[PDB]
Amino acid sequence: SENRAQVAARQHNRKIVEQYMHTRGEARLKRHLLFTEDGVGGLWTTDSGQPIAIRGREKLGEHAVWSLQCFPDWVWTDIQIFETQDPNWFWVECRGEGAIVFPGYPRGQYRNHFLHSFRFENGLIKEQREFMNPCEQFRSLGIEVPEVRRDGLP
């Protein structure tokens, strides 16, 4: 029953995506338990052009300690979960917001639009990736955003 197995995987994996996206507050300290032991999470859109990949369940748990300090009230909002033809691959469109308390920058408020990719193995997240426009994070940190000159464009 290939189809039955795929349907079961997709329904379970959707519940894990829902739980990830709704993880807030102190529960963030245990979000890494939604990953495989060698699972990877992180931010694929950064200033430098290289992803910030947090590799393995142990490092993901450490990242959560940092995130609770630097993003103390972070929430995902406007959550739309997309199943796909691959029962082990989901996409999520959402927004996120909260205070930003980044080391060495003034405290501020950060709001952005996000896309997330979730790939699963044996019922847990093998790879989570998030994609956003870093210019909005620059603005939240008081960093000047470059302005493309548009005079020559329609």
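We number the residues from 1 along the sequence you see. Just so we're on the same page, rigid core means the largest C-alpha set that superposes within 1.5 Å between forms.
Once the rigid core is lined up, would you tell me whether 17-25 or 142-150 has the higher RMS CA deviation in 9 other deposited structures of this protein?
With the rigid core fitted, 142-150 is the stretch that strays more in 9 other deposited structures of this protein.
Taking the mean of the C-alpha B-factors per stretch from the entry, tell me the winner out of 35-43 and 50-58.
Here the higher of the two C-alpha B-factor means belongs to 50-58.
Could you check the entry and say whether 89-97 or 104-112 has the higher mean CA B-factor?
For C-alpha atoms only, the mean B-factor is higher in 104-112.
Comparing recorded Cα B-factors across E144, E136, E130, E18, which one is largest?
The record points to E144.
Looking at the temperature factor on the CA atom of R119, which third of the chain's modelled residues does it land in?
Lowest third - that is where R119 ends up once the chain's C-alpha B-factors are sorted.
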